[PDB]
Amino acid sequence: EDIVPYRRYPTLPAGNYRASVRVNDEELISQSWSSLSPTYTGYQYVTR
Amino acid sequence: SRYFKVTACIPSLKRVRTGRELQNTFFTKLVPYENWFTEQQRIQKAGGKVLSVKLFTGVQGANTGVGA
Amino acid sequence: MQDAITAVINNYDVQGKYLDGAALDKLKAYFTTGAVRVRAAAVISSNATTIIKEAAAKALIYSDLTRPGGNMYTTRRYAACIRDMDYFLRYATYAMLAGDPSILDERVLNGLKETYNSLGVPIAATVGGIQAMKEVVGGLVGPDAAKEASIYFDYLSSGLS
Amino acid sequence: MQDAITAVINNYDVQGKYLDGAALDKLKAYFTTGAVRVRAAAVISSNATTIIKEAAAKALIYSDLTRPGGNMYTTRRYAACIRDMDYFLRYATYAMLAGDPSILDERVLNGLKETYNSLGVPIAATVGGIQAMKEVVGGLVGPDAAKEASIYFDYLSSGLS
Amino acid sequence: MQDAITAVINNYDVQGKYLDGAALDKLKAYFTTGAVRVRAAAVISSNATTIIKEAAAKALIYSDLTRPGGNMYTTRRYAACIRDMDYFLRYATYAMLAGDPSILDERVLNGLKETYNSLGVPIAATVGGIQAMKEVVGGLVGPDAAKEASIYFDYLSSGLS
Amino acid sequence: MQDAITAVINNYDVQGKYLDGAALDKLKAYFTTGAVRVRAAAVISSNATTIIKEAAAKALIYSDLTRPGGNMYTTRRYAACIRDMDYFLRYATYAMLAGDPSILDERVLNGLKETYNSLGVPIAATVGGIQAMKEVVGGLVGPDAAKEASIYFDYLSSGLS
Amino acid sequence: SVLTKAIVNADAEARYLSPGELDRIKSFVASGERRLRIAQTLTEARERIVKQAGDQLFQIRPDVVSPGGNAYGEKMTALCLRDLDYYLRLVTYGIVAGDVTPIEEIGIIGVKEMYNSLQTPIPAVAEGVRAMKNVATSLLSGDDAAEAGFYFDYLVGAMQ
Amino acid sequence: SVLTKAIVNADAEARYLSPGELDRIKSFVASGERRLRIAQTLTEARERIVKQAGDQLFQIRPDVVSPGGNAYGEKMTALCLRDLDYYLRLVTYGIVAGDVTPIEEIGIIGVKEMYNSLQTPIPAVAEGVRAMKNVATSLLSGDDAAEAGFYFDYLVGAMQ
Amino acid sequence: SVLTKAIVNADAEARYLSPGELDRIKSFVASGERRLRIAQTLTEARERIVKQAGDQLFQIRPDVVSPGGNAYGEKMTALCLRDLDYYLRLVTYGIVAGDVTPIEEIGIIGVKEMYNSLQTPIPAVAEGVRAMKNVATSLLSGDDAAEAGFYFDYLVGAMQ
Amino acid sequence: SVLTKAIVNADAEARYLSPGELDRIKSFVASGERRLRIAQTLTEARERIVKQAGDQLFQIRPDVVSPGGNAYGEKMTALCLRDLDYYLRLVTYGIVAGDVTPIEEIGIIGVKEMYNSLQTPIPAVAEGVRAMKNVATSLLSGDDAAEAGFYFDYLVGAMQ
Amino acid sequence: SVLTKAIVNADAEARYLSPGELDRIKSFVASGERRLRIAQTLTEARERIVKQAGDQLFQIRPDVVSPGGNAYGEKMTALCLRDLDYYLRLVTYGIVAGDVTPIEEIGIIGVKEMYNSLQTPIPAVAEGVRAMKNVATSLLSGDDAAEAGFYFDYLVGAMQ
Amino acid sequence: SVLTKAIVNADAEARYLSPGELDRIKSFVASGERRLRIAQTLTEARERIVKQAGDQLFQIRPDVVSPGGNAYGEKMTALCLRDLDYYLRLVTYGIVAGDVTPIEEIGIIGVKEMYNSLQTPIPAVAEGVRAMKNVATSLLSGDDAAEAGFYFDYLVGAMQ
Ligand SMILES: CCC1=C(C)/C(=C/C2=NC(=C\c3[nH]c(/C=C4\NC(=O)[C@H](C)[C@H]4CC)c(C)c3CCC(=O)O)/C(CCC(=O)O)=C2C)NC1=O
Ligand SMILES: CCC1=C(C)/C(=C/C2=NC(=C\c3[nH]c(/C=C4\NC(=O)[C@H](C)[C@H]4CC)c(C)c3CCC(=O)O)/C(CCC(=O)O)=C2C)NC1=O
Ligand SMILES: CCC1=C(C)/C(=C/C2=NC(=C\c3[nH]c(/C=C4\NC(=O)[C@H](C)[C@H]4CC)c(C)c3CCC(=O)O)/C(CCC(=O)O)=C2C)NC1=O
Ligand SMILES: CCC1=C(C)/C(=C/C2=NC(=C\c3[nH]c(/C=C4\NC(=O)[C@H](C)[C@H]4CC)c(C)c3CCC(=O)O)/C(CCC(=O)O)=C2C)NC1=O
Ligand SMILES: CCC1=C(C)/C(=C/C2=NC(=C\c3[nH]c(/C=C4\NC(=O)[C@H](C)[C@H]4CC)c(C)c3CCC(=O)O)/C(CCC(=O)O)=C2C)NC1=O
Ligand SMILES: CCC1=C(C)/C(=C/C2=NC(=C\c3[nH]c(/C=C4\NC(=O)[C@H](C)[C@H]4CC)c(C)c3CCC(=O)O)/C(CCC(=O)O)=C2C)NC1=O
Ligand SMILES: CCC1=C(C)/C(=C/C2=NC(=C\c3[nH]c(/C=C4\NC(=O)[C@H](C)[C@H]4CC)c(C)c3CCC(=O)O)/C(CCC(=O)O)=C2C)NC1=O
């Protein structure tokens with residue numbers, strides 16, 4: 001009832017430790033949720 | 001839109017957990033009506049004691065405006 | 001993560017060595033700079049928002065980056081970018097307190113280069129945003145702390161490029 | 001919750017009655033005032049912040065309430081109080097759109113009297129904060145809507161006392 | 001996701017352009033077909049179950065697929081397969097209402113090819129299940145809507161192959 | 001929670017008073033005992049298990065409590081009981097360091113009387129377990145600290161009865 | 001209603017109503033008198049409608065009214081038309097509310113479990129509802145008949 | 001849009017669109033040509049509108065354009081009107097979409113954080129938007145002026 | 001305090017205080033006598049610090065004491081210095097405890113919402129606090145002035 | 001260290017270090033040359049504190065070096081005196097770090113499980129660890145002996 | 001029992017017992033009289049089993065009944081055999097129940113902690129139960145001795 | 001293939017093949033079934049590999065899709081992905097044969113001269129191929145991904 005959830009890396013189910021290491025704290029969130037204005041991508045640079 | 005307001009006492013009986021746990025076992029919480037059937041079963045299958053229940057939110061009448 | 005005091009212990013533990021004279025000298029070299037690190041962190045923390053504002057003003061905005069077609073166009077993305085800036089500033093302040101860059105690898109750089117490639121986030125422009133915050137920081141913290149703060153901003157920026 | 005229209009439907013459903021002339025007259029009495037309710041909500045929503053500020057200024061601050069020993073002393077509690085005020089305003093706007101106070105019971109009044117007794121929150125002072133927002137609202141929304149907005153503020157305030 | 005209308009808005013937003021004549025013509029081309037899309041959705045929704053049953057009957061069951069060794073053998077897997085079928089039908093109905101296939105990519109196709117390879121789910125057989133539902137749909141919705149419904153079933157099926 | 005020092009700060013904050021002279025006497029006392037409270041706290045910590053293996057022996061076991069029908073019968077319940085004992089000891093050590101019992105109310109006593117009534121846990125027997133640990137503690141910590149440790153064990157035990 | 005639905009979404013996101021939400025309340029309320037007329041006409045012909053649905057049903061499924069049929073017999077048929085009267089009533093409620101909230105809580109959520117217990121064939125109840133659409137729709141102008149028809153097709157949809 | 005909003009709620013509850021949701025799509029699409037006309041008129045007068053908003057703003061707040069003001073100077077004022085041009089554009093988008101999805105992602109979510117950084121006084125940006133409402137609204141018929149006005153008051157609302 | 005902070009973290013891992021989270025407490029106890037002394041010194045000159053802070057503030061930002069300024073007038077200025085007196089008090093509390101703790105609960109959490117309502121310009125409150133640092137710091141030895149200065153810069157930081 | 005413990009709290013609350021946290025780093029580092037010097041006395045006498053501990057340990061509990069004892073024999077004893085050498089080493093590490101992070105990861109987390117497997121009697125081991133305190137402490141000035149003693153009592157605390 | 005363990009699965013899935021579940025109850029109950037005989041034989045020889053277990057234990061590990069031993073003395077010994085009597089009793093319960101539910105709640109959950117606190121070697125103690133099995137296994141005919149033996153080996157299994 | 005290569009070396013010497021050369025061919029035959037399978041797998045995802053390769057390429061080298069870039073524009077980009085589709089095809093051929101053979105004749109001998117004429121930057125074509133390796137390799141088991149990877153790195157090598 002009262003523990004705020006935290007990341008886990010659990011040992012047991014088999015394969016789950018490495019999957020868990022990868023899903024959380026190894027691979028972040030990509031993809032912008034909204035679909036409103038695509039980011040153009042031809043402009044990496046900020047010269048001035 | 002109907003929330004019950006239950007109260008229980010569940011006593012851990014399988015492990016002797018070692019830190020904290022006071023609020024885990026004696027607590028008051030409104031739980032919405034959709035889920036209260038399962039929460040009660042879960043309290044009962046852990047040897048919990050369901051001390052009190054209330055309607056709290058909803059009218060104890062029904063049909064329109066209940067299952068929202 | 002590790003810090004200078006902790007790194008000395010784990011670096012010796014793997015060799016099973018008591019701390020010896022060489023170890024004790026390293027730890028002294030950290031402790032002797034410690035008070036200065038603290039003062040510098042209090043300046044950065046309390047000027048956080050102004051550092052980002054002045055760093056963005058010198059290195060990001062008034063540009064094609066903030067115009068339609070630019071990656072920090074839209075209030076959404078402008079907010080995400082200066083949010084990022086705050087991360088960098090905040091973590092660099094951790095690294096400098098710890099006297100160890102390991103936290104910048106574990107919690108900031110790991111996967112970030114490719115994350116930015118995948119979203120289209122301009123890397124070179126982000127580095128300039130880092131090196132502008134360093135410039136501001138080095139003025140605010142003074143002779144005592146300037147070189148020590150600076151290195152973890154430089155760690156961050158060669159971590160992306 | 002229920003509004004004017006579902007109040008009638010559920011009152012007939014429990015009798016299993018098709019809507020008859022008396023029912024149809026009630027629903028008309030709602031629909032015929034509907035456009036005015038909408039306009040009034042748009043005034044309240046868009047003046048929300050000013051209504052709270054003028055209501056607090058007439059009925060809460062410049063007082064012992066905001067001084068040490070007072071319940072709205074500390075930025076924490078001042079923030080909690082005007083947060084509450086926003087709830088009241090917002091829900092009263094819902095009740096008035098719905099033309100039914102049932103939402104004010106289900107989502108605002110239930111347990112609130114005792115919650116305030118338990119924290120020490122001054123009830124009489126909160127009612128004045130409600131009746132001051134009503135005063136401001138009744139000016140802003142005009143002849144069309146004044147009486148209809150007003151009643152759900154009065155519902156709120158006799159719900160606490 | 002995006003629909004016809006937001007497809008245009010976002011294409012112009014990235015250029016920071018107010019909508020011009022070409023844009024306005026595109027949006028008209030959507031609005032002018034809108035009423036027909038709605039009627040078609042109401043036919044599909046209300047015949048959902050019959051479309052799946054007739055599509056399965058023409059393209060899936062009475063076969064090795066439903067026999068031991070087949071992927072839709074067992075009540076478990078038969079249920080999973082017609083569950084899937086309902087997804088396709090339902091989402092294609094969304095795509096056709098929106099006049100944009102983007103939802104079929106975001107919420108249906110992404111990773112699905114490999115998911116099916118990993119479970120052993122026969123791709124070619126699933127496509128026939130899609131193109132059979134299209135056949136049924138095109139009869140039920142009539143001249144008005146046949147071509148427009150059809151394309152999002154074709155989008156789905158070339159998304160797997 | 002609060003300690004000696006924050007007890008004073010919050011008592012003055014509600015009056016909006018800067019700290020005045022008598023208040024400052026009170027803070028002087030806490031810094032005077034700060035050495036002994038720390039040395040004393042350490043001793044308890046490493047000797048904890050020894051300490052707990054004397055309070056049970058003189059107030060709980062070799063009795064009907066540990067026999068069938070008794071509340072500390074079964075390895076499960078014996079474990080739960082000495083687990084509890086460790087809580088009491090540990091928190092009393094916090095209260096004594098803080099020089100304030102408020103933590104014993106917030107995190108230990110609140111609801112505990114009824115929790116014990118609901119499980120059947122014998123209250124009087126638990127108090128003896130508290131007052132036996134106090135007896136042991138007062139020997140181990142010496143003249144310097146005996147009275148100060150003792151009071152928070154007495155706070156605990158009149159909190160249950 | 002349209003009101004309830006709009007508001008619940010508003011309150012759940014802790015916000016005032018959107019321009020969109022306000023617009024639909026306005027369009028909805030403008031159709032008030034028309035929606036009330038649609039309910040009146042159908043209320044006024046309820047006994048005729050249930051009956052013609054009931055004839056259309058027993059031709060299409062003479063079995064339901066056959067030895068091993070759920071509605072076999074005079075009083076197993078009487079209850080069947082009463083259920084058809086129930087659903088027409090709920091359809092009038094839905095039309096005046098402008099959505100299904102009321103229709104749903106009263107007669108679709110739980111309907112699978114109810115009828116499975118009674119062993120009533122659900123899809124032939126859906127047919128009885130189509131039959132009522134056909135009759136009711138022949139007593140309404142083209143525009144009003146469509147507006148009514150959406151609510152009939154919803155019930156047909158929910159029993160599925 | 002109205003479409004996006006309806007659908008997202010549909011998909012999230014794993015269901016086909018409601019009669020209500022279908023009705024609003026129908027009423028919305030019927031207003032298509034009108035909404036397109038409202039956007040055209042305002043697009044056609046964009047340069048006039050920002051300016052008159054800009055005059056109304058600097059009378060009401062001559063300070064913003066004063067020594068310690070965010071918009072003090074010729075090019076701090078040029079950027080300020082450009083921001084007013086941005087928001088009018090987003091308002092035309094919103095009107096043709098029939099809701100705020102686009103307006104919101106592009107120019108309100110994150111706007112507090114952006115302007116706080118730049119130290120721009122948010123409530124005087126809200127005033128600049130009211131000023132644009134006043135001008136734009138004087139170039140539209142009563143009915144179209146109201147429909148437009150909802151979207152202006154939304155932006156004014158979101159900067160709050 | 002330093003005590004409260006250490007302890008709260010301790011109970012969090014079901015653990016005993018370790019040899020580090022004891023050393024800080026010991027440092028604080030020695031520091032506390034000096035800390036108590038600094039607070040007393042600050043308390044003695046409170047009226048001078050506030051008043052001279054208030055002059056330093058209104059030179060640097062005359063706009064707040066001008067027609068459209070939050071602190072414009074004799075009693076809008078009186079309340080402004082009273083708020084400066086409040087924050088100096090909280091700064092003495094923070095110094096004495098050794099941890100900021102209580103000051104946060106008393107005067108920064110909720111402060112954005114409070115002042116936004118009153119329409120008080122937050123960043124000029126931060127300036128009033130810098131002004132107090134300057135005055136207070138000139139009444140303390142180098143070492144004590146720095147120790148005090150951290151707490152002034154914290155408040156300046158939190159109003160941000 | 002104190003840092004590893006004094007930063008982890010910072011990062012976990014997403015913030016820069018507190019004045020308190022900065023102060024303790026300050027006080028800690030000032031005690032560096034001296035802490036280094038207490039850990040050099042103990043390496044000098046590394047094998048002589050250990051030998052002396054061994055004797056005290058076996059008087060207070062010999063049975064371990066007897067027929068059915070875990071440490072019975074010359075190489076079962078070599079291992080025991082070796083474990084005592086391990087823990088003295090970790091104690092020197094802890095003293096120079098100013099907290100237990102290193103001591104903990106290297107030799108207490110997992111120690112119950114390790115020794116339970118070996119069925120070394122763990123509680124005898126705590127007494128053995130305690131003996132080293134007595135010897136080491138007799139080679140240090142009063143002030144340095146206390147500072148060292150905290151780390152010995154920690155292991156004694158964990159260990160059991 | 002088998003019932004308690006299994007019904008629990010029924011209730012948790014909201015259903016009546018499976019053919020499988022019913023079958024195992026039937027096979028289980030058929031094996032009743034035999035299990036009752038196994039418990040009787042062992043109950044009938046309890047005093048012999050305990051003492052001969054106690055001799056077998058102290059040969060294999062005597063040190064416990066020696067100066068620094070947990071069971072040293074007449075009344076420290078009166079307790080060790082009493083604990084052996086406890087576990088034999090629980091083993092008879094387990095055999096008649098056909099699983100460990102009762103054995104577990106009464107004497108393993110919380111034990112290891114319990115034994116550990118008192119500082120008794122847990123492996124010393126499992127010898128003793130393993131020794132009790134031998135004396136007891138020998139007062140039963142070959143078929144009943146095996147049936148009893150499973151429950152002795154369970155306790156031996158749990159205590160470790 | 002492996003066959004062609006072995007034979008050509010045999011015939012050049014004008015002597016029948018060896019009996020350990022009858023070893024590489026044997027390995028290849030077993031390998032070929034696996035090799036054929038890998039090619040089929042690659043063929044199935046061709047459109048995804050090309051497209052995602054093309055995104056990975058233009059991020060890493062945006063200059064080719066810029067004013068003075070060989071692949072600047074929609075149809076100069078379309079041909080560029082088509083060339084990426086060509087090389088993936090040749091990579092499937094190479095894998096299946098077991099020897100690179102045909103791919104060389106089809107797409108590396110003459111490739112410098114072709115692309116120099118078209119003015120295509122060769123080393124950025126090599127990058128497009130690395131990008132395809134990355135995608136293709138994520139759709140294959142570790143062992144098969146390596147076997148495939150050799151042929152990708154060959155093409156990367158030959159454009160050099
Ligand atoms: C952090 C502060 C805190 C405390 C103090 C605390 C006490 C506490 N004691 C409990 C049970 C218990 N407490 C005892 C205590 C005793 N038995 C005796 O006979 C003696 C008189 C006494 C020991 C001296 C026992 C035997 C139980 C188990 C009751 C049961 O079987 O359910 C439980 C029920 C949950 C559980 O079993 O763990 C709680 C929450 N919980 C907390 O969170
Ligand atoms: C489409 C979504 C969107 C908006 C709205 C947006 C606004 C925006 N306004 C800016 C500056 C500015 N904006 C203003 C605006 C004003 N000054 C005032 O006092 C008035 C309250 C207000 C005019 C009504 C001013 C004065 C600046 C210059 C501030 C500076 O340079 O420090 C800048 C930085 C300059 C640049 O690089 O373009 C951005 C990005 N960016 C976006 O992507
Ligand atoms: C705790 C350590 C940590 C970091 C550093 C981090 C960065 C990070 N930046 C992101 C996006 C982003 N990052 C930026 C950054 C910038 N835009 C520009 O044009 C500038 C060059 C630059 C600012 C100087 C932008 C604009 C996005 C949004 C991309 C999108 O629209 O999806 C995202 C994607 C998820 C999200 O949008 O929040 C992450 C995870 N995440 C983390 O967990
Ligand atoms: C201890 C925590 C705490 C604080 C800080 C606090 C501040 C506070 N400041 C207030 C007003 C005020 N505060 C100011 C302050 C200023 N005007 C400016 O322009 C400057 C930026 C600034 C002076 C540096 C002004 C001008 C008012 C009057 C505003 C009004 O009446 O509308 C009020 C309302 C009047 C009252 O009832 O007391 C409160 C409660 N209350 C608290 O409980
Ligand atoms: C081993 C697990 C398993 C089962 C049980 C199974 C049943 C199954 N029954 C089917 C049809 C059928 N099953 C029946 C059965 C009946 N009609 C009645 O009225 C009676 C109640 C009942 C006979 C007792 C009928 C009439 C059909 C034809 C229905 C149709 O074609 O529409 C079909 C579709 C025809 C086919 O492709 O084979 C399947 C897959 N499939 C499986 O994988
Ligand atoms: C039915 C579940 C259950 C069990 C098993 C149980 C055991 C138990 N064993 C105890 C003591 C003891 N038990 C032993 C046992 C042993 N000494 C050794 O060295 C051997 C390894 C072992 C004998 C095989 C000894 C020596 C004591 C006395 C320890 C003391 O007084 O400090 C005590 C404390 C004395 C008392 O008050 O009764 C309990 C409660 N209690 C229970 O409720
Ligand atoms: C730094 C963390 C750490 C520790 C402490 C550690 C201990 C450790 N002690 C061991 C053996 C041992 N340890 C002891 C110790 C003792 N015998 C007694 O009776 C006394 C109670 C005690 C001496 C005080 C003995 C006798 C052995 C040999 C046991 C055997 O070979 O079966 C072994 C196996 C031999 C080896 O491969 O090294 C390890 C790994 N390993 C680690 O990584």
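- The deposited coordinates, according to the entry record, derive from cryo-EM at 2.8 Å resolution.

- The PDB entry lists chain C under the name Allophycocyanin beta subunit, from Gloeobacter violaceus PCC 7421.
- Taken directly from UniProt, the Sequence similarities (unreviewed entry) text for chain C runs: "Belongs to the phycobiliprotein family."

- By the naming in the PDB entry, chain B is Phycobilisome 7.8 kDa linker polypeptide, allophycocyanin-associated, core, taken from Gloeobacter violaceus PCC 7421.
- UniProt's Subcellular location (unreviewed entry) comment on chain B is quoted here verbatim: "Cellular thylakoid membrane".

Regarding the pattern of salt bridges
Proximity of charged atoms lets side chains of opposite charge pair with each other.
And then number 1: Applying the stated criterion to the full structure yields 89 salt bridges over all chains.
And then number 2: One salt bridge connects G:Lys5 with G:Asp99, and the closest N-O pair in it is separated by 3.7 Å. Residue G:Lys5 is found in helix 1 (residues 2-12), and its partner G:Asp99 is found in the loop between helix 5 (74-97) and helix 6 (101-107); the two are separated by 94 residues along the sequence.
And then number 3: With a closest N to O distance of 3.6 Å, J:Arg35 and J:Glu147 form a salt bridge.

Comments concerning the site of ligand 5
Residues and elements named next belong to chain E.
And then number 1: Taken together, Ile61, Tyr62, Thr66, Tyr73 and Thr74 make up all the residues around ligand 5.
And then number 2: At 2.8 Å, a backbone N or O of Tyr62 approaches an oxygen atom of ligand 5.
And then number 3: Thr66 places a polar side-chain atom, nitrogen or oxygen, 3.3 Å from an oxygen atom of ligand 5.
And then number 4: For ligand 5, the protein covers 27% of the area, taking 900 Å² as the surface of the free molecule.
And then number 5: Its residues placed into classes, the shell around ligand 5 shows three nonpolar, two polar and no charged.

Some thoughts on the packing of helix 2 (residues 21-46) of chain F against helix 2 (residues 20-44) of chain I
And then number 1: Contact pair helix 2 of chain F / helix 2 of chain I: the axes reach a minimum separation of 10 Å and the direction vectors enclose 160 degrees. As judged from the angle between their axes, helix 2 of chain F and helix 2 of chain I are roughly antiparallel. As helix 2 of chain F runs across helix 2 of chain I, the sense of the crossing is left-handed. Residue-level inspection shows F:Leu24, F:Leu27, F:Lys28, F:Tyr30, F:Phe31, F:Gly34 and F:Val38 of helix 2 of chain F in contact with helix 2 of chain I, the latter providing I:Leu22, I:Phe28, I:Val29, I:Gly32, I:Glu33, I:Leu36 and I:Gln40.
And then number 2: Across the contact of helix 2 of chain F with helix 2 of chain I, the residue classes tally to nine nonpolar, three polar and two charged.

A short note on the packing of helix 5 (residues 102-109) of chain E against helix 8 (residues 146-160) of chain E
When two helices pack together, their arrangement is given by the angle between the helix axes and the distance between those axes.
All names here are of chain E.
And then number 1: For the pair helix 5 and helix 8, interaxial distance at closest approach is 11 Å and the crossing angle is 45 degrees. Between helix 5 and helix 8, the crossing angle belongs to the class labelled oblique. Relative to helix 8, helix 5 is oriented so that their crossing is right-handed. Here helix 5 contributes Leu104, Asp105, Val108 and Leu109 to the contact with helix 8, which in turn contributes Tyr152, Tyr155, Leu156, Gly159 and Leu160.

As for the interface of chain A and chain C
And then number 1: Counting from both sides, the interface comprises 17 residues of chain A and, opposite them, 23 residues of chain C.
And then number 2: Both faces considered, chain A and chain C share a buried interface measuring about 1400 Å² in area, 47% of it formed by carbon and sulfur atoms.
And then number 3: Summed over the shared surface of chain A and chain C, the number is zero salt bridges.
And then number 4: Remark: the boundary between chain A and chain C carries six residue pairs in polar contact.
And then number 5: The class makeup of the residues in the side of chain A that touches chain C is seven nonpolar, seven polar and three charged.

Side note on the interface of chain J and chain C
And then number 1: Facing 34 residues of chain J, the contacting portion of chain C comprises 38 residues.
And then number 2: Together chain J and chain C conceal approximately 3100 Å² of surface at their shared face, both sides included; 72% is due to carbon and sulfur atoms.
And then number 3: Between chain J and chain C we count one salt bridge in total.
And then number 4: For the interface between chain J and chain C, the tally reads 15 residue pairs in polar contact.
And then number 5: Only helix 1 (2-12), helix 2 (19-30), helix 3 (32-44), helix 5 (74-97) and helix 6 (101-107) of chain J provide two or more residues apiece to the side of chain J that touches chain C.
And then number 6: Residue classes in the side of chain J that touches chain C are distributed as 19 nonpolar, six polar and nine charged.

Conventions we followed
Residues numbered from 1 in each chain as written, not as in the entry; some residues may be left out. Chains lettered and ligands numbered in written order. Part of a larger assembly, values for the part shown. Heavy atoms only, no water. UniProt positions renumbered as here; feature names shortened; annotations may be inferred. Salt bridge = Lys/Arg side-chain N within 4 Å of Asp/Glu carboxyl O. Helix = DSSP H or I, 4+ residues; strand = E, 2+ residues; numbered from the N terminus. Near = heavy atom within 4 Å. Polar contact = N/O pair within 3.5 Å; in protein donor to acceptor, adjacent residues only side chain to side chain. Areas by Shrake-Rupley, 256 points an atom, 1.4 Å probe, with all protein chains shown as cover. Nonpolar A, V, L, I, M, F, W, Y, C, P; charged D, E, K, R; others polar. Axes fitted to C-alpha atoms, helices over the stretch in contact; angles between N-to-C directions. Parallel < 35°, antiparallel > 145°, perpendicular 65-115°, else oblique. Left-handed = near helix turned anticlockwise from the far one by under 90°. Contact = heavy atoms within 4.5 Å. Buried area = accessible area lost by both parts, 1.4 Å probe.

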